[PDB]
């Protein structure tokens, strides 16, 4: 006979897959899918990693648990530190699904930069955006939170768009570290995203670094590590 605990766990995973079955996809990562839905009257997104087909089921569960736990922990750390990021509503560890606030009507920094560059043909008007991102990531690193996946796709602009209300998302690869090297690698991923996704925006990244250095008292050794990790590619 099957164990009642295992039967109960299977029923919960069925509930979760059923809830997700009819929902609209809003984001597709490498491992993760993000769907939009409703949670007890609030606009919500639900984040889950589906088995890929070629891996052991136990390995997939371990992966989903690790990244779901890391993201829930990071989002709590963000909120308590006044770093703007989605509210966590509920974390389902039976299925490794994360229910959090939908940042309604927002655009990614990636899309905002590309639209600005295609309308204005100049990055001069992105200086305020760069300064804001510098202030936000300085606060995150000063809380020793390493994002782990810092691209312009993981920063949202909450409307009204021109207020530059930056909201950080997708902390599944995040971790806690005070080491300048880890903070330096974080900034390096972001530099590469600017360079390969937003060509001819070097002034934008330069203004980001200027604002980051102004905003964090610990930026000097981080920027030295950023230079080193670029070389030791």
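Each form is matched to the other, and the largest set of C-alpha atoms that superpose within 1.5 Å is called the rigid core. Numbering follows the first chain given and starts at 1.
- Superposing each structure in 4 other deposited structures of this protein on the rigid core shows that the farther-lying of 27-35 and 184-192, by root-mean-square Cα distance, is 27-35.
- Taken in 4 other deposited structures of this protein and fitted on the core, 36-44 and 50-58 differ in how far their Cα atoms move from the shown form, and the one that moves more is 50-58.
- Set 167-175 against 204-212 and average the Cα temperature factors; 204-212 ends up higher.
- In this entry, the higher average B-factor at the C-alpha atoms falls on 116-124, of the pair 116-124 and 147-155.
- Residue set 56, 27, 67, 36: peak C-alpha B-factor at 56 (per PDB entry).
- In this PDB entry, residue 82 carries a Cα temperature factor that places it within the middle third of its chain's modelled residues.
- Residue 192: CA B factor in the highest third of modelled residues in this chain (values from the PDB entry).
- When all modelled residues of the chain are sorted by CA temperature factor, residue 107 is found within the middle third.
- Residue-level temperature factors show residue 42 in the middle third of its chain, judged at the C-alpha atom.
- The entry lists a Cα temperature factor for residue 142 that places it in the middle third of the chain's modelled residues.
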